[PDB]
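Notes follow once the structure below has been shown.
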Ligand SMILES: Nc1ncnc2c1ncn2[C@@H]1O[C@H](COP(=O)(O)OP(=O)(O)O)[C@@H](O)[C@H]1O
Ligand SMILES: Nc1ncnc2c1ncn2[C@@H]1O[C@H](COP(=O)(O)OP(=O)(O)O)[C@@H](O)[C@H]1O
Ligand SMILES: Nc1ncnc2c1ncn2[C@@H]1O[C@H](COP(=O)(O)OP(=O)(O)O)[C@@H](O)[C@H]1O
Ligand SMILES: [K+]
Ligand SMILES: [K+]
Ligand SMILES: [K+]
Ligand SMILES: [Mg+2]
Ligand SMILES: [Mg+2]
Ligand SMILES: [Mg+2]
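Residue numbers (the entry's author numbering), protein chains in the order written: chain O, 10 to 522; chain A, 10 to 522; chain M, 10 to 522.
As structure tokens, then:
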């Protein structure tokens with residue numbers, strides 16, 4: 010270009026263009042025929058993925074409005090877990106549709122007040138076009154999980170990953186019927202092939218036992234968890250022993266030895282035969298533990314302590330004098346193993362696991378760093394279905410329905426907000442358009458057939474099959490999504506587009522915060 | 010912005026944007042409420058105008074596609090004379106409409122083949138919606154001239170400039186019924202006010218008479234024009250006179266004096282009493298001319314010689330021996346005057362003037378450098394009406410008619426060129442839109458009323474009154490234009506938009522030409 | 010200030026401010042109590058003056074709009090001669106009044122269309138409030154001349170300069186009743202005091218006679234003027250004399266001597282005794298001229314030849330063979346003198362002088378370079394009165410009348426141009442305001458009394474006396490001006506303000522012209 014062209018567009022055109030750029034970046038990642046992006050560091054680190062929020066999070070992005078569009082992905086990441094590409098593409102299409110009305114000289118506030126009236130209507134419509142399913146229905150959960158894994162390169166294992174994830178999530182559904190994601194532990198150990206991934210009803214700990222005389226395999230373990238260290242106590246008032254009789258050198262030392270001997274006696278009297286310590290164990294304590302045949306690990310991290318207490322039913326104890334048979338957990342099998350070159354301790358056959366571990370395998374680290382994402386997304390959508398019990402039809406069959414039902418809305422509205430309501434309704438069809446664009450299909454010929462299927466039936470479901478290249482019922486096909494993925498997406502995108510429509514100036518700030 | 014955004018748009022988006030910038034530059038100059046631009050040099054020269062092709066000609070413009078849009082104005086300048094802003098605004102609106110179809114993934118060749126089918130249809134329609142008027146009809150010529158001067162700051166004198174220009178142009182209509190613009194001489198002498206502009210049925214010459222004894226006023230002049238110089242001839246073979254007798258110094262010198270004396274005798278015997286020489290006159294020749302009472306000017310420029318020969322009916326003579334009463338022109342009054350600080354020779358009351366001079370007055374040089382443009386445009390449109398005898402209704406009442414009649418066309422066409430035909434028909438309404446935008450009117454409310462006036466009548470004429478802010482018959486109002494202004498505009502704009510639509514790459518050249 | 014404030018004003022505010030600056034520069038030079046400016050070069054040259062157009066012409070001025078305001082002074086300089094400060098002050102007050110309406114969001118075209126309607130009304134009013142006087146009336150001419158000299162530092166001699174200038178101008182009134190300024194020669198010879206300035210009914214020539222034997226004083230001179238040089242003619246065909254007999258060396262040389270002897274014989278036979286040559290005279294020709302007692306000067310410049318021919322009635326001759334008693338001028342006294350250190354030839358007591366010389370004296374070159382300006386302005390206003398025969402009352406009594414009579418106009422006009430008409434009428438009172446501001450008077454208290462004097466009488470004349478500090482009849486006081494000074498001023502200022510009101514953009518140009 011040239012210097013003398015900075016004059017030729019408003020600040021709103023500036024911002025709308027800076028925004029459209031971000032949506033144009035991620036759009037080709039969408040749908041089953043989507044493609045991956047390669048991210049490269051200054052230092053030479055490399056990432057390969059088609060996860061949208063990850064691309065938007067790792068990109069070098071410098072314009073303020075583009076920075077404002079990245080926050081549209083993160084909220085979908087945080088509150089739902091899947092859907093971080095639909096949100097940004099719809100947001101940018103809303104920006105670009107708004108650009109088509111400002112060049113006809115429509116006031117920005119009129120556009121904003123129209124979009125506002127359209128989004129609440131889309132909430133009503135989404136709340137009434139959905140299908141209602143029970144949370145105990147594991148089959149549709151499998152189908153939704155598979156729908157989450159499709160298009161991500163790790164497709165070849167989806168019909169196994171689905172079962173694994175459905176059980177994994179069904180375990181951690183709490184006594185109030187809610188899914189917490191951090192109660193599932195995801196571990197990434199290389200070697201073997203992606204189909205060697207498996208589910209552990211228990212924990213994998215990044216530790217090896219302290220003393221090698223300690224039995225390496227235990228059955229029907231009695232597991233004790235400690236937050237206190239097995240070491241000689243100090244006085245928080247400062248001390249000196251002052252040895253005036255030579256005969257009292259060995260006596261002082263023997264009494265320190267006995268103060269550890271009694272701790273080990275007490276650990277034994279509880280009934281334990283496996284031990285975890287969140288803190289240090291002395292090398293003489295280790296001796297008495299290996300002399301009593303108790304298996305012990307030390308300096309275990311707090312999150313692993315939480316997951317052990319969850320899995321076994323043990324209680325973390327802060328003082329050994331209170332430890333009793335009431336505080337001990339149970340687990341059918343404990344064994345140390347060597348896997349992928351690392352020594353690790355395995356806990357298996359737990360009495361009633363409230364936490365579970367998923368072990369992802371793979372021939373390469375760049376493979377596993379993607380399979381982990383493909384599993385996190387499925388945990389998301391499964392939790393959504395279990396919590397809300399409402400599902401919607403996939404393959405963009407929802408956006409066509411919404412566009413039609415908002416156009417039937419727009420004739421009731423009069424004035425000039427009607428223009429913005431129509432531009433909003435016409436911006437949601439970017440998704441089935443792009444779903445055909447990526448597969449190399451003819452989008453303009455496809456979209457008409459898709460619309461026609463709806464207009465003659467009230468068919469909630471009909472949409473594009475990107476393989477046969479034909480228009481099919483997406484519920485009979487088994488392409489299903491949870492309702493929370495649409496509402497959140499539209500909600501985020503509308504609320505973030507209105508801010509860029511309400512701005513008219515850009516000025517400089519003096520060390521803001 | 011930022012470096013890492015160069016990737017995000019195609020070469021076609023590049024070119025379309027670089028083009029839209031130019032049309033956005035000149036658009037606010039359009040219509041009666043249009044505003045002027047100030048142009049500033051590197052050296053400090055200044056120009057103030059709202060003439061479009063002048064803005065586009067003097068601008069520092071560096072991108073190739075913007076350079077390609079400037080050629081849309083120059084052709085309208087060259088072939089018609091007026092209309093250089095409608096062309097560029099319509100061109101950029103065509104670019105921007107084309108941009109709305111490429112983001113739906115329509116092939117560029119499909120767009121080009123649609124535009125092509127639309128422009129020929131617009132030619133048919135323009136050839137059939139026009140009004141047919143005779144070239145002798147001076148009243149409508151006045152009305153068209155006034156329409157050409159409206160909106161240019163020099164509005165206060167338009168009802169005098171119209172009469173002046175109509176007579177000036179009617180003089181130079183040749184025996185084959187065609188108007189040549191260079192047969193009208195436009196002169197720019199400061200002082201007095203714009204209303205002191207006047208028309209001379211003759212010539213103003215940038216000369217003063219050679220010898221001050223020569224009469225300064227002559228009535229019923231007999232004017233002689235020479236291409237040869239009145240000087241002593243040289244031999245194109247080289248010469249020496251070789252004086253061997255002292256008594257032959259004065260004799261050689263006297264014979265050179267006689268060789269000028271006889272030329273002046275011969276000029277007198279033709280019957281002349283006023284002289285113009287395209288070349289030198291010797292200081293002794295000047296003596297004999299002032300002794301015979303013949304008025305003479307020397308080194309007159311060739312174009313002034315042409316205009317004198319045209320105005321008086323004299324014949325430019327290359328050799329004085331052939332000069333006769335057959336070669337002399339006639340003019341009722343010749344006088345030298347001092348005007349605006351310059352000495353000039355005035356020729357008036359010509360026997361049958363085939364050329365005329367217009368003397369533009371004004372209080373400032375920046376004023377006159379604009380009044381000259383405002384008169385050149387009216388000479389243009391008057392010539393167009395005199396040559397073609399076809400007129401069209403103004404105030405954008407033509408573009409609405411064309412848009413409607415192309416939409417009635419577009420339902421006959423099937424396939425995907427129909428989309429491009431509609432986008433073409435919807436791009437011509439940029440003109441009545443901008444005509445309301447500049448006057449501070451509400452364009453979206455105005456345009457509907459304007460359309461309605463047409464749809465119920467076949468009213469060719471109805472359009473915006475930018476003063477009352479209301480929709481009126483633009484023929485009863487007297488706002489008229491020549492047909493050649495529309496056809497050429499659309500023709501140029503379509504042909505120049507198709508080139509930017511057919512390009513897909515930009516590469517570097519090795520000293521092209 | 011700071012970088013981040015360039016945003017905060019429009020291009021029109023830019024231009025209006027850049028314009029107001031120029032009017033603020035020159036405003037304190039206005040009126041009898043006005044003060045002078047000092048101008049300093051890069052090289053060290055110095056000028057001291059309060060002439061406005063000179064300040065505006067010599068200033069380093071770089072912004073385009075300020076460059077556009079300088080053209081308001083030059084036209085008043087060129088077409089009238091006096092009034093170059095009223096024009097610019099009124100122009101800037103019009104700019105600043107326009108600024109007060111744009112901050113209420115009035116459209117620029119509305120302002121321009123109001124100013125236009127006001128200025129034509131001011132022309133009508135000025136054409137009807139003036140007083141009609143005959144051109145033979147030398148008394149009012151004296152009074153106007155004195156009014157032109159007041160306030161310029163050279164006040165002490167005004168009652169002599171007035172008589173000198175009135176006679177000087179009355180001489181050069183041509184047979185058609187028009188005054189040409191270049192027919193008066195202004196000469197600037199230092200020494201003595203400003204009161205030693207005098208008028209010559211003839212010419213002062215920057216020459217001394219060629220041969221010192223030539224009489225230095227001649228009475229009832231017979232003056233011959235030549236455009237040809239008194240030298241041996243050459244052949245424009247090239248020559249060689251070829252001397253084959255030694256006896257023919259002196260013969261060739263004697264014949265060249267005789268060819269000059271005969272020219273001098275012929276000059277004598279015409280009857281001449283004083284000679285001027287616009288070209289060379291040979292050193293032997295000088296001998297024969299000093300032998301015949303004829304006084305001769307050579308290489309006289311063309312303008313001096315014109316003024317001699319005008320003053321004496323002689324005819325400039327191009328060839329000596331035609332010179333006769335018909336071609337000789339007459340003058341009662343010719344003498345060479347030494348004055349101010351320069352030798353000069355004086356021509357006096359001319360038979361019927363159509364040209365006159367004014368000899369300005371003074372103790373310093375910076376004094377005379379100002380007295381010349383103070384005399385040029387009076388020649389201007391005297392010519393204006395002699396040509397038009399219409400006068401107006403001074404001391405700002407005209408601007409108050411115009412403001413009142415335009416306010417009585419503004420109630421007939423309806424719409425929003427009424428606002429601009431009022432702002433125009435209220436902008437003309439800047440002149441009587443500044444006339445009080447410079448004298449250190451209280452302008453707000455003065456202006457009301459001045460208005461009241463008009464409102465109760467139709468008194469055309471009442472205005473400020475800047476000495477007594479009181480309101481008086483300016484015709485009984487003898488402060489009179491020619492009508493052409495007001496009309497031109499208002500006309501220039503309105504036409505130049507409308508251009509800056511019609512602009513809305515500033516862009517860069519590519520070597521304009
Ligand atoms: N078999 C299929 N045919 C067509 N579309 C599908 C199919 N399976 C999934 N999809 C669609 O792919 C989209 C998911 O793409 P994805 O890359 O996950 O985007 P996001 O990250 O925003 O969820 C959903 O809109 C879904 O309807
Ligand atoms: N009284 C009027 N009301 C509305 N439009 C007018 C009027 N007079 C002229 N026009 C319009 O102004 C336009 C001319 O604008 P102009 O600045 O000359 O553009 P161009 O240089 O392209 O001809 C024409 O389209 C004409 O119809
Ligand atoms: N005795 C006086 N009292 C008040 N005003 C006067 C008097 N004599 C002249 N003037 C005013 O001085 C003004 C001339 O000022 P001047 O510096 O010549 O400005 P300009 O160069 O624009 O003519 C005139 O408006 C005239 O009316
Ligand atoms: K994907
Ligand atoms: K215009
Ligand atoms: K002064
Ligand atoms: Mg997804
Ligand atoms: Mg035009
Ligand atoms: Mg003055």
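For each residue, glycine too, the CB sits at the ideal point set by N, CA and C.
Within the same chain, show all residues whose beta-carbon is closer than 8 Å to that of residue 99 of chain M, passing over the 5 residues directly before and after it, in chain order.
Your numbering for residue 99 of chain M matches position 90 in the third chain. The residues are 436, 437, 439, 440, 498, 499 and 502.
Along the chain, where does the alpha helix (DSSP H) containing residue 24 of chain M start, and where does it finish?
Taking the first residue of the third chain as 1, we reach residue 24 of chain M at position 15. First-last of the alpha helix (DSSP H) with residue 24 of chain M: 20-35.
Applying the 10 Å Cβ sphere with the 16-neighbour rule, what's the burial state of residue 389 of chain O?
For the purposes of this step, residue 389 of chain O is identified with residue 380 of the first chain, where counting begins at 1. Flag for residue 389 of chain O reads buried.
Check whether the Cβ of residue 14 of chain A lies closer than 8 Å to any Cβ atom in chain O.
In the second chain, the residue the question calls residue 14 of chain A occupies position 5. Closer than 8 Å to some Cβ of chain O, the Cβ of residue 14 of chain A qualifies, so yes.
Within the present structure, is the beta-carbon of residue 39 of chain O separated from the nearest heavy atom of ligand 1 by less than 7 Å?
Taking the first residue of the first chain as 1, we reach residue 39 of chain O at position 30. Indeed, a heavy atom of ligand 1 lies less than 7 Å from the Cβ.
Is there at least one non-hydrogen atom of ligand 6 closer than 7 Å to the beta-carbon of residue 43 of chain M?
Against the third chain, residue 43 of chain M aligns to sequence position 34. Yes; taking the cut-off as 7 Å, the Cβ of residue 43 of chain M has a heavy atom of ligand 6 nearer than that.
Quick one: residues in its chain with C-beta nearer than 7 Å to the C-beta of residue 96 of chain A, no 5 flanking neighbours on either side, listed in chain order?
For the purposes of this step, residue 96 of chain A is identified with residue 87 of the second chain, where counting begins at 1. Around residue 96 of chain A: 81, 82, 85, 498, 501 and 502.
According to DSSP, is residue 493 of chain O part of a helix, a strand, or is it coil?
Locating residue 493 of chain O in the first chain gives position 484, where the first residue counts as 1. Looking at residue 493 of chain O - three-state DSSP - the assignment turns out to be helix.
Let me check one thing: in DSSP terms, what residues is residue 59 of chain A bridge-paired to?
For the purposes of this step, residue 59 of chain A is taken as the residue at position 50 of the second chain. In DSSP, residue 59 of chain A forms no bridge with anything.
Could you tell me whether the stretch 445-464 of chain O touches the stretch 353-371 of chain O, where touching means 3 or more Cβ pairs closer than 8 Å?
No: the two stretches stay apart, fewer than three of their Cβ pairs being nearer than 8 Å.
Quick one: using the 10 Å Cβ neighbour count with 16 as the cut-off for buried, is residue 15 of chain A buried or exposed?
Translated into positions along the second chain, residue 15 of chain A becomes position 6. With fewer than 16 Cβ atoms within 10 Å of its Cβ, residue 15 of chain A is classed as exposed.
Of all Cβ atoms in chain O, is any one closer than 8 Å to the Cβ of residue 114 of chain A?
Translated into the one-based positions of the second chain, residue 114 of chain A becomes position 105. Cβ-Cβ to chain O under 8 Å: yes for residue 114 of chain A.
Leaving out the 5 sequence neighbours to the left and right, which residues in its chain are closer than 8 Å to residue 45 of chain M when beta-carbon positions are compared?
As a working mapping, residue 45 of chain M is identified with position 36 in the third chain. Around residue 45 of chain M: 38, 57, 58, 59 and 162.
With a Cβ-Cβ cutoff of 8 Å, do residue 210 of chain A and residue 357 of chain A count as a contact?
Reading the second chain from its first residue, position 201 is the one you call residue 210 of chain A. Reading the second chain from its first residue, position 348 is the one you call residue 357 of chain A. Closer than 8 Å, so yes.
Whose Cβ in chain A lies nearer than 7 Å to the Cβ of residue 79 of chain O?
Taking the first chain and counting its residues from 1, one reaches residue 79 of chain O at position 70. Here the premise fails: no neighbours, minimum Cβ distance about 14 Å.
Once DSSP output is grouped into helix, strand and coil, what is the label at residue 251 of chain O?
Taking the first residue of the first chain as 1, we reach residue 251 of chain O at position 242. Three-state result, residue 251 of chain O: coil.
Among all the DSSP beta bridges, which residues are the ones paired with residue 474 of chain O?
For the purposes of this step, residue 474 of chain O is identified with residue 465 of the first chain, where counting begins at 1. Residue 474 of chain O is bridged to O:479.
Roughly how many whole angstroms lie between the Cα atoms of residue 432 of chain A and residue 25 of chain A?
By 1-based counting over the second chain, the position of residue 432 of chain A is 423. By 1-based counting over the second chain, the position of residue 25 of chain A is 16. Approximately 15 Å between the Cα atoms of the pair.
Taking its Cβ as the centre, do 16 or more other Cβ atoms sit within 10 Å of residue 36 of chain M, making it buried, or is it exposed?
Within the third chain, numbered from 1, the residue matching residue 36 of chain M stands at position 27. The residue is buried, with at least 16 neighbouring Cβ atoms inside 10 Å.
Using DSSP with H/G/I as helix, E/B as strand and the rest coil, what is residue 522 of chain M?
As a working mapping, residue 522 of chain M is identified with position 513 in the third chain. It is coil, neither helix nor strand.
Name the chain O residues whose beta carbon is nearer than 8 Å to that of residue 423 of chain A?
Locating residue 423 of chain A in the second chain gives position 414, counting from the first residue. Within chain O, no residue comes near residue 423 of chain A; the closest Cβ sits about 14 Å away, beyond 8 Å.
I want to see whether chain O comes within less than 8 Å of residue 426 of chain A, judged by CB atoms only; does it?
Here residue 426 of chain A is taken as the residue at index 417 of the second chain, counted from 1. No, residue 426 of chain A does not count as interfacial toward chain O.
For residue 517 of chain O, would you say it is in contact with chain M, using Cβ-to-Cβ distances shorter than 8 Å as the test?
Residue numbering aside, residue 517 of chain O sits at position 508 when the first chain is read from its first letter. Answer yes: the Cβ-Cβ gap between residue 517 of chain O and chain M drops below 8 Å somewhere.
Compare the Cα-Cα distances from residue 289 of chain O to each of O:276, O:237, O:281 and O:256 and report the closest residue.
Working through the first chain from its first residue, we reach residue 289 of chain O at position 280. It is O:237.
Let me check you understand the geometry: is the CB of residue 94 of chain A closer than 7 Å to at least one non-hydrogen atom of ligand 8?
The count along the second chain starts at 1 and reaches residue 94 of chain A at position 85. Yes - ligand 8 has a heavy atom lying nearer than 7 Å to the Cβ of residue 94 of chain A.
Using Cβ-Cβ distances below 9 Å, what residues of the stretch 257-284 of chain A are close to chain M?
Per Cβ criterion, the list reads 258, 259, 261, 262, 265 and 266.
Residues in its own chain within less than 6 Å of residue 106 of chain O by CB, not counting five upstream and five downstream?
Walking along the first chain from the start, residue 106 of chain O turns up at place 97. Cβ neighbours of residue 106 of chain O beyond the five flanking positions: 432 and 436.
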